[PDB]
Each structure stands twice: as structure tokens, then as C-alpha cells.
Amino acid sequence: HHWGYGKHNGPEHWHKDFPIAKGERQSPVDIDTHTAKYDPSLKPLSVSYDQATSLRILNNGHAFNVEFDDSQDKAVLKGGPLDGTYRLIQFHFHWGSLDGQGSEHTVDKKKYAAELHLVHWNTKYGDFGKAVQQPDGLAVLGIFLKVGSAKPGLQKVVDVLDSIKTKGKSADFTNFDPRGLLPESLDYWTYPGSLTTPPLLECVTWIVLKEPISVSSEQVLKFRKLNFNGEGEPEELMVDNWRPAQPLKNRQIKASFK
Ligand SMILES: O=C(O)/C=C/c1cccc(OCc2cccc(CC(=O)O)c2)c1
Ligand code: NA
Ligand SMILES: [Zn+2]
């Protein structure tokens, strides 16, 4: 599987190997803020990252993943639209070549410079691989990034990217606190969707925060120095690793806030 983000292997090609690309609950989507409806039934959202145990950061040729020890209930997401407990397994970002693009979700068609995905799996299914086979297997917390003031909690990530420039490189990344990547408000939109990369499985409850975080131009410029290619291969900058908005079809986006 040689999927990627280029002209010949990018999102418009994915459906040939992954026909669910044209399915009924694909992600990302445009969030039309005027059509999203407040749902007074949503329970409070609970992000409990105090005992999070990061392990490693990996360039997988598509993005970089900060991985967590998910062998115990440490860092979990509960409440909101969710039933039960979802354990953090990894986070990663999608970003652009320019500050005007990079996010996967859009808000009233606005693209942000980047989008953070904190990926969690439903502990009722025992492991991530079983969870992705279920319609309620994953919860992905999505957070927009805009360019402005630096995000101090991001800088440790930024500073290790030089050591994982190319596809397949990993580095120790212990003691990283993902609480430093969250905005002040947990107001959110939620809808049922999919993974935004192959295999595009329709197993995700999306929770997209309304408040973006700000990162500096210098921080995102360092994301853009990463490579899609492996070591010793021709350089292809890791930029524009985002899937565009997909048809909403038979879905409603719910808001947690008035
Ligand atoms: O290597 C293989 O053959 C199968 C890989 C595989 C098999 C099953 C699942 C799966 O999920 C990958 C994943 C995890 C989290 C998020 C996303 C989409 C995104 O970039 O936001 C994709 C990957
Ligand atoms: Na717009
Ligand atoms: Zn993602």
C-alpha cells in the first residue's frame, strides 16, 4: 500500500484500494456552525490525562505519532457523547505547506494551519485493533492550530523532530504531558465519522474543539521540515498531509454549547 498525499497517490485515489473512502460516514467534514445544533443531552466531557505515559515519537511517512502506554487506564477520555471509557494511544497532526491550509475539518469552510488528533480506543473492545472494527471503537479529540503566539507545551515536540526527519525514524519521548496541548475551553462539536487516512474505517466518534490553540510560525515551520521519504531518498517535504472535507450525507453535527 503506497497511499500518500501526492497527485498520483493522494485522497482522490484512495477509494481504489479502500472503497469505504466513498462511504456513508467519512471524515473529515466541514462544520457548518449555523446548522450544528446544541444538544442539551450531551453529558460533560472528561479529559483525564494526569497519568499519561508517553513512550516514543515516530515518523511513519505520513505524519509523526507520539505514542502512549495504553496497557492500563492512565490517560482517558469520557463523557460528552461517549459511553464508557476511551484510552489514549497516540496523537499526531495534519498540517499545510502554508498557514492558510492544513486542517482536515473546516469550520464554515475555514481551513486552519494544522489539526491535532488525540486518538483513543474504547476499552470495552480490549485492544485498538479490535476497537477499529466497531462503529463506536474510537474517539478522536480534534484540536485546531492557528499561527500566532507560541504554544509552550508544543515545544518539546518541535525540538525532537530533527531526530526523526525521515520515514521510519523513531526517538524516545517519555514524560511528555499532552495536557499542554489543550485550549482553555472544552466546548466541542461531535459527529460519527471515520479515520481520515487509509484504511478509512468508520469507527470514530469525532469530538472537535471549538477553541483553537495558537502555535508560532517557527513551530509550524519545523513541522514542515519533516520528510515523507526515508533516509537516503530524494527529499519530499512532509506538508499538506490532510484529507479534504467529505460529504456529510445522513449526519448531524451536534454542539456542546449554546
Ligand atoms: O499497516 C496495516 O496494514 C494496517 C494499518 C491500520 C489498520 C487498522 C487501523 C489503522 O489505523 C491507523 C490510524 C490510526 C489513527 C488515526 C488514523 C487516521 C488519522 O490520520 O487521523 C489512522 C491502521
Ligand atoms: Na471561510
Ligand atoms: Zn489524524
# chains A, B, ... in the order shown; residues from 1 in each chain; ligands from 1
$ residues_around --residues "residue 117 (chain A)" --least-positions-apart "5" --cutoff "10 Å" --atoms "only C-alpha atoms" --output "PyMOL selection string"
chain A and resi 65+90-94+139-144+206-208
$ write_last_selection --atoms "N, CA, C and O atoms" --output "CSV table (one decimal), in the first residue's frame"
chain,number,residue,atom,x,y,z
A,65,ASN,N,3.8,10.3,15.0
A,65,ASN,CA,2.9,9.9,16.1
A,65,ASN,C,3.7,9.9,17.4
A,65,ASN,O,4.8,9.3,17.5
A,90,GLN,N,-2.3,7.4,21.0
A,90,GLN,CA,-1.3,8.3,20.3
A,90,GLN,C,-1.9,9.6,19.9
A,90,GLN,O,-3.2,9.7,19.9
A,91,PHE,N,-1.1,10.6,19.7
A,91,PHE,CA,-1.5,11.7,18.9
A,91,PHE,C,-0.6,12.0,17.7
A,91,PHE,O,0.6,11.6,17.7
A,92,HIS,N,-1.2,12.8,16.8
A,92,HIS,CA,-0.4,13.2,15.6
A,92,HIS,C,-1.1,14.5,15.1
A,92,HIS,O,-2.2,14.9,15.6
A,93,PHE,N,-0.5,15.1,14.1
A,93,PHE,CA,-1.0,16.3,13.5
A,93,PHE,C,-1.2,16.1,12.0
A,93,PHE,O,-0.5,15.2,11.4
A,94,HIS,N,-2.0,17.0,11.4
A,94,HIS,CA,-2.0,17.2,9.9
A,94,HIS,C,-1.7,18.7,9.7
A,94,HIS,O,-2.2,19.5,10.5
A,139,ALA,N,-12.5,7.2,19.8
A,139,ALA,CA,-12.9,8.7,20.0
A,139,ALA,C,-11.7,9.4,19.6
A,139,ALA,O,-10.6,9.2,20.2
A,140,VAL,N,-11.8,10.4,18.7
A,140,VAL,CA,-10.7,11.2,18.3
A,140,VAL,C,-11.0,12.6,18.7
A,140,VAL,O,-12.1,13.2,18.3
A,141,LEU,N,-10.2,13.2,19.6
A,141,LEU,CA,-10.3,14.6,20.0
A,141,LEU,C,-9.5,15.4,19.0
A,141,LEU,O,-8.3,15.3,18.9
A,142,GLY,N,-10.2,16.3,18.3
A,142,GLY,CA,-9.5,17.1,17.3
A,142,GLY,C,-9.4,18.6,17.8
A,142,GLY,O,-10.4,19.1,18.3
A,143,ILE,N,-8.2,19.1,17.5
A,143,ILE,CA,-8.0,20.5,18.0
A,143,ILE,C,-7.3,21.3,16.9
A,143,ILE,O,-6.3,20.8,16.3
A,144,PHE,N,-7.9,22.4,16.6
A,144,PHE,CA,-7.3,23.2,15.5
A,144,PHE,C,-6.1,24.0,16.0
A,144,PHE,O,-6.0,24.4,17.2
A,206,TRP,N,-16.1,11.5,16.5
A,206,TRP,CA,-15.3,12.8,16.5
A,206,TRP,C,-15.7,13.8,17.5
A,206,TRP,O,-17.0,14.0,17.6
A,207,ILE,N,-14.8,14.4,18.2
A,207,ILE,CA,-15.1,15.4,19.2
A,207,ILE,C,-14.1,16.5,18.8
A,207,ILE,O,-12.9,16.4,19.0
A,208,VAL,N,-14.6,17.6,18.1
A,208,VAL,CA,-13.7,18.6,17.6
A,208,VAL,C,-13.9,19.9,18.5
A,208,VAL,O,-15.0,20.4,18.6
$ residues_around --residues "region 155-168 of chain A" --least-positions-apart "6" --cutoff "10 Å" --atoms "only C-alpha atoms" --output "number ranges by chain"
A: 57-64, 66, 176-177, 180, 215-216, 218-223, 225-233, 235-238
$ write_last_selection --atoms "C-alpha atoms" --output "PDB file, in the first residue's frame"
ATOM      1  CA  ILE A  57       7.735   9.554  18.742  1.00  0.00           C
ATOM      2  CA  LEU A  58       7.713   8.012  15.259  1.00  0.00           C
ATOM      3  CA  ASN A  59       7.856   9.399  11.662  1.00  0.00           C
ATOM      4  CA  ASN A  60       5.643   6.888   9.829  1.00  0.00           C
ATOM      5  CA  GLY A  61       5.982   8.520   6.393  1.00  0.00           C
ATOM      6  CA  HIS A  62       2.582  10.235   6.672  1.00  0.00           C
ATOM      7  CA  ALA A  63       2.845  12.224   9.921  1.00  0.00           C
ATOM      8  CA  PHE A  64       4.605  11.788  13.261  1.00  0.00           C
ATOM      9  CA  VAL A  66       3.577  10.452  19.820  1.00  0.00           C
ATOM     10  CA  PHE A 176       5.548  14.323  27.669  1.00  0.00           C
ATOM     11  CA  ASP A 177       2.338  15.856  29.097  1.00  0.00           C
ATOM     12  CA  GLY A 180      -0.066  21.209  27.487  1.00  0.00           C
ATOM     13  CA  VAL A 215       1.323  27.986  17.788  1.00  0.00           C
ATOM     14  CA  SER A 216       4.114  30.172  16.450  1.00  0.00           C
ATOM     15  CA  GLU A 218       8.535  28.992  13.972  1.00  0.00           C
ATOM     16  CA  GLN A 219       6.867  25.948  15.482  1.00  0.00           C
ATOM     17  CA  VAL A 220       4.878  25.030  12.394  1.00  0.00           C
ATOM     18  CA  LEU A 221       7.823  25.763  10.129  1.00  0.00           C
ATOM     19  CA  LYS A 222       9.637  22.964  11.921  1.00  0.00           C
ATOM     20  CA  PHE A 223       6.773  20.555  11.170  1.00  0.00           C
ATOM     21  CA  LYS A 225      10.964  20.382   7.618  1.00  0.00           C
ATOM     22  CA  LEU A 226       9.998  16.755   8.182  1.00  0.00           C
ATOM     23  CA  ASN A 227      10.245  14.365   5.240  1.00  0.00           C
ATOM     24  CA  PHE A 228       7.739  11.869   3.738  1.00  0.00           C
ATOM     25  CA  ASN A 229      10.691   9.949   2.275  1.00  0.00           C
ATOM     26  CA  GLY A 230      13.108   7.592   4.004  1.00  0.00           C
ATOM     27  CA  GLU A 231      16.799   8.342   4.702  1.00  0.00           C
ATOM     28  CA  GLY A 232      18.965   8.475   1.615  1.00  0.00           C
ATOM     29  CA  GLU A 233      15.963   9.056  -0.661  1.00  0.00           C
ATOM     30  CA  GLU A 235      13.619  14.837  -0.296  1.00  0.00           C
ATOM     31  CA  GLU A 236       9.886  15.250  -0.261  1.00  0.00           C
ATOM     32  CA  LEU A 237       8.830  17.692   2.426  1.00  0.00           C
ATOM     33  CA  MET A 238       6.108  16.410   4.755  1.00  0.00           C
TER      34      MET A 238
END
$ select_by_dssp --residues "region 11-238 of chain A" --states "strand (DSSP E or B)" --output "MDAnalysis selection string"
chainID A and resid 30:31 37:38 43:48 54:59 64:68 76:80 86:95 106:107 110 114:122 138:147 170:172 188:193 204:209 213:215 227 237
$ residues_near_ligand --ligand "ligand 1" --cutoff "7 Å" --atoms "only C-alpha atoms and all ligand atoms" --output "PDB file with N, CA and C atoms, in the first residue's frame"
ATOM      1  N   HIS A 117      -4.832  15.490  16.389  1.00  0.00           N
ATOM      2  CA  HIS A 117      -5.717  14.357  16.655  1.00  0.00           C
ATOM      3  C   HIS A 117      -5.175  13.531  17.803  1.00  0.00           C
ATOM      4  N   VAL A 119      -5.939  10.311  19.698  1.00  0.00           N
ATOM      5  CA  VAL A 119      -6.673   9.085  19.356  1.00  0.00           C
ATOM      6  C   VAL A 119      -6.853   8.192  20.551  1.00  0.00           C
ATOM      7  N   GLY A 129      -6.811  -2.781  17.788  1.00  0.00           N
ATOM      8  CA  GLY A 129      -7.152  -3.485  16.567  1.00  0.00           C
ATOM      9  C   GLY A 129      -8.566  -4.038  16.535  1.00  0.00           C
ATOM     10  N   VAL A 132     -11.119  -0.798  16.212  1.00  0.00           N
ATOM     11  CA  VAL A 132     -11.369  -0.176  14.914  1.00  0.00           C
ATOM     12  C   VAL A 132     -12.325  -0.950  14.044  1.00  0.00           C
ATOM     13  N   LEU A 195     -11.731   7.165  10.355  1.00  0.00           N
ATOM     14  CA  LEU A 195     -10.310   7.529  10.188  1.00  0.00           C
ATOM     15  C   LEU A 195     -10.156   8.388   8.953  1.00  0.00           C
ATOM     16  N   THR A 196      -9.241   9.368   8.976  1.00  0.00           N
ATOM     17  CA  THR A 196      -9.038  10.255   7.836  1.00  0.00           C
ATOM     18  C   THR A 196      -7.873   9.800   6.957  1.00  0.00           C
ATOM     19  N   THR A 197      -7.262   8.667   7.285  1.00  0.00           N
ATOM     20  CA  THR A 197      -6.276   8.034   6.414  1.00  0.00           C
ATOM     21  C   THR A 197      -6.703   6.590   6.207  1.00  0.00           C
ATOM     22  N   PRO A 198      -6.235   5.971   5.109  1.00  0.00           N
ATOM     23  CA  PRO A 198      -6.438   4.538   4.967  1.00  0.00           C
ATOM     24  C   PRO A 198      -6.071   3.835   6.272  1.00  0.00           C
ATOM     25  N   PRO A 199      -6.851   2.840   6.694  1.00  0.00           N
ATOM     26  CA  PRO A 199      -7.924   2.166   5.966  1.00  0.00           C
ATOM     27  C   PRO A 199      -9.298   2.880   6.032  1.00  0.00           C
TER      28      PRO A 199
END
$ select_by_dssp --residues "region 80-191 of chain A" --states "alpha helix (DSSP H)" --output "list in words"
residues 128, 129, 130, 131, 155, 156, 157, 158, 159 and 160 of chain A
$ write_last_selection --atoms "N, CA, C and O atoms" --output "short mmCIF file (atom, residue, chain, number, x, y, z; two decimals), in the first residue's frame"
data_model
loop_
_atom_site.label_atom_id
_atom_site.label_comp_id
_atom_site.auth_asym_id
_atom_site.auth_seq_id
_atom_site.Cartn_x
_atom_site.Cartn_y
_atom_site.Cartn_z
N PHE A 128 -6.79 -1.84 20.48
CA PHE A 128 -7.05 -0.92 19.39
C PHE A 128 -7.48 -1.69 18.13
O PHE A 128 -8.39 -1.22 17.43
N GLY A 129 -6.81 -2.78 17.79
CA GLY A 129 -7.15 -3.49 16.57
C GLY A 129 -8.57 -4.04 16.53
O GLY A 129 -9.22 -4.09 15.48
N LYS A 130 -9.07 -4.48 17.69
CA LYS A 130 -10.46 -4.89 17.77
C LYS A 130 -11.37 -3.65 17.75
O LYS A 130 -12.47 -3.70 17.14
N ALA A 131 -10.96 -2.57 18.43
CA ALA A 131 -11.81 -1.38 18.50
C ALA A 131 -12.09 -0.81 17.12
O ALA A 131 -13.23 -0.34 16.87
N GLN A 155 6.60 22.79 22.48
CA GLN A 155 7.98 22.99 22.07
C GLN A 155 8.80 21.70 22.21
O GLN A 155 9.70 21.47 21.41
N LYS A 156 8.55 20.87 23.22
CA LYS A 156 9.29 19.63 23.31
C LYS A 156 9.08 18.72 22.11
O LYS A 156 10.00 18.01 21.70
N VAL A 157 7.89 18.75 21.54
CA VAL A 157 7.65 18.00 20.31
C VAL A 157 8.49 18.56 19.16
O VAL A 157 9.20 17.84 18.46
N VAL A 158 8.39 19.88 18.99
CA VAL A 158 9.11 20.59 17.94
C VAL A 158 10.59 20.27 17.98
O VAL A 158 11.23 19.96 16.98
N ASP A 159 11.14 20.29 19.18
CA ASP A 159 12.59 20.15 19.34
C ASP A 159 13.14 18.75 19.09
O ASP A 159 14.34 18.58 18.93
N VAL A 160 12.28 17.74 19.05
CA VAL A 160 12.72 16.40 18.77
C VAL A 160 12.57 16.03 17.28
O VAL A 160 13.09 15.01 16.84
#
$ residues_around --residues "residue 20 (chain A)" --least-positions-apart "4" --cutoff "10 Å" --atoms "only C-alpha atoms" --output "VMD selection string"
chain A and resid 14 to 16 24 to 26 194 198 to 202
$ residues_near_ligand --ligand "ligand 2" --cutoff "8 Å" --atoms "only C-alpha atoms and all ligand atoms" --output "list in words"
residues 107, 108, 109, 110 and 111 of chain A
$ write_last_selection --atoms "C-alpha atoms" --output "compact mmCIF listing (two decimals), in the first residue's frame"
# COMPACT_ATOMS: atom_id res chain seq x y z
CA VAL A 107 -15.37 25.49 10.19
CA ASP A 108 -17.74 27.35 7.88
CA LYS A 109 -15.24 26.34 5.16
CA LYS A 110 -12.32 27.93 7.09
CA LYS A 111 -9.12 25.92 6.99
$ closest_residue --among "A:81, A:171, A:204, A:153" --to "residue 40 (chain A)" --atoms "only C-alpha atoms"
A:81
$ residues_around --residues "region 240-254 of chain A" --least-positions-apart "4" --cutoff "6 Å" --atoms "only C-alpha atoms" --output "PDB file with N, CA and C atoms, in the first residue's frame"
ATOM      1  N   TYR A   5      -0.167  11.521  -0.154  1.00  0.00           N
ATOM      2  CA  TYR A   5      -0.859  12.798  -0.345  1.00  0.00           C
ATOM      3  C   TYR A   5      -0.508  13.497  -1.671  1.00  0.00           C
ATOM      4  N   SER A  27     -14.768  10.980   7.122  1.00  0.00           N
ATOM      5  CA  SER A  27     -14.205  12.175   7.717  1.00  0.00           C
ATOM      6  C   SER A  27     -12.972  12.644   6.933  1.00  0.00           C
ATOM      7  N   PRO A  28     -12.607  13.911   7.063  1.00  0.00           N
ATOM      8  CA  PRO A  28     -13.258  14.969   7.858  1.00  0.00           C
ATOM      9  C   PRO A  28     -14.479  15.499   7.114  1.00  0.00           C
ATOM     10  N   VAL A  29     -15.128  16.468   7.744  1.00  0.00           N
ATOM     11  CA  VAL A  29     -16.289  17.181   7.188  1.00  0.00           C
ATOM     12  C   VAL A  29     -16.122  18.656   7.498  1.00  0.00           C
ATOM     13  N   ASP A  30     -16.828  19.476   6.717  1.00  0.00           N
ATOM     14  CA  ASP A  30     -16.996  20.862   7.063  1.00  0.00           C
ATOM     15  C   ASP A  30     -18.037  20.972   8.184  1.00  0.00           C
ATOM     16  N   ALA A  36     -25.174  23.284  12.940  1.00  0.00           N
ATOM     17  CA  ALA A  36     -24.903  22.403  14.102  1.00  0.00           C
ATOM     18  C   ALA A  36     -25.900  22.747  15.199  1.00  0.00           C
ATOM     19  N   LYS A  37     -26.477  21.740  15.836  1.00  0.00           N
ATOM     20  CA  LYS A  37     -27.447  22.048  16.882  1.00  0.00           C
ATOM     21  C   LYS A  37     -26.954  21.723  18.283  1.00  0.00           C
ATOM     22  N   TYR A  38     -27.181  22.650  19.209  1.00  0.00           N
ATOM     23  CA  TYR A  38     -26.908  22.407  20.613  1.00  0.00           C
ATOM     24  C   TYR A  38     -27.684  21.185  21.066  1.00  0.00           C
ATOM     25  N   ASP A  39     -26.989  20.263  21.707  1.00  0.00           N
ATOM     26  CA  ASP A  39     -27.613  19.060  22.244  1.00  0.00           C
ATOM     27  C   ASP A  39     -27.522  19.106  23.767  1.00  0.00           C
ATOM     28  N   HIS A  94      -1.964  17.006  11.362  1.00  0.00           N
ATOM     29  CA  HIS A  94      -2.016  17.226   9.918  1.00  0.00           C
ATOM     30  C   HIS A  94      -1.732  18.711   9.724  1.00  0.00           C
ATOM     31  N   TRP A  95      -0.950  19.062   8.714  1.00  0.00           N
ATOM     32  CA  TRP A  95      -0.592  20.455   8.524  1.00  0.00           C
ATOM     33  C   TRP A  95      -0.353  20.782   7.070  1.00  0.00           C
ATOM     34  N   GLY A  96      -0.205  22.073   6.796  1.00  0.00           N
ATOM     35  CA  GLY A  96      -0.133  22.541   5.428  1.00  0.00           C
ATOM     36  C   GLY A  96       1.257  22.986   5.016  1.00  0.00           C
ATOM     37  N   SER A  97       1.365  23.357   3.746  1.00  0.00           N
ATOM     38  CA  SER A  97       2.580  23.986   3.254  1.00  0.00           C
ATOM     39  C   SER A  97       2.589  25.484   3.507  1.00  0.00           C
ATOM     40  N   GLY A 102      -4.199  23.181   6.013  1.00  0.00           N
ATOM     41  CA  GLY A 102      -3.559  22.159   6.818  1.00  0.00           C
ATOM     42  C   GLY A 102      -4.535  21.390   7.650  1.00  0.00           C
ATOM     43  N   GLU A 104      -7.956  19.300   8.596  1.00  0.00           N
ATOM     44  CA  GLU A 104      -8.828  18.323   7.925  1.00  0.00           C
ATOM     45  C   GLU A 104     -10.282  18.760   8.061  1.00  0.00           C
ATOM     46  N   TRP A 189     -17.848  20.277  18.969  1.00  0.00           N
ATOM     47  CA  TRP A 189     -18.818  19.702  18.051  1.00  0.00           C
ATOM     48  C   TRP A 189     -18.559  18.207  17.975  1.00  0.00           C
ATOM     49  N   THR A 190     -19.582  17.394  17.755  1.00  0.00           N
ATOM     50  CA  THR A 190     -19.386  15.956  17.667  1.00  0.00           C
ATOM     51  C   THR A 190     -20.241  15.361  16.554  1.00  0.00           C
ATOM     52  N   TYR A 191     -19.723  14.323  15.902  1.00  0.00           N
ATOM     53  CA  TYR A 191     -20.466  13.613  14.861  1.00  0.00           C
ATOM     54  C   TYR A 191     -19.798  12.252  14.666  1.00  0.00           C
TER      55      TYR A 191
END
$ closest_residue --among "A:192, A:147, A:68, A:118" --to "ligand 3" --atoms "only C-alpha atoms and all ligand atoms"
A:118
$ atom_distance --atom1 "CA of residue 224 (chain A)" --atom2 "CA of residue 113 (chain A)"
11.4 Å
$ closest_residue --among "A:217, A:149, A:103, A:174" --to "ligand 3" --atoms "only C-alpha atoms and all ligand atoms"
A:103
$ closest_residue --among "A:172, A:115, A:73, A:50" --to "ligand 3" --atoms "only C-alpha atoms and all ligand atoms"
A:115
$ closest_residue --among "A:3, A:87, A:33, A:120" --to "ligand 3" --atoms "only C-alpha atoms and all ligand atoms"
A:120
$ atom_distance --atom1 "CA of residue 75 (chain A)" --atom2 "CA of residue 239 (chain A)"
29.2 Å
$ closest_residue --among "A:116, A:69, A:79, A:193" --to "ligand 3" --atoms "only C-alpha atoms and all ligand atoms"
A:116
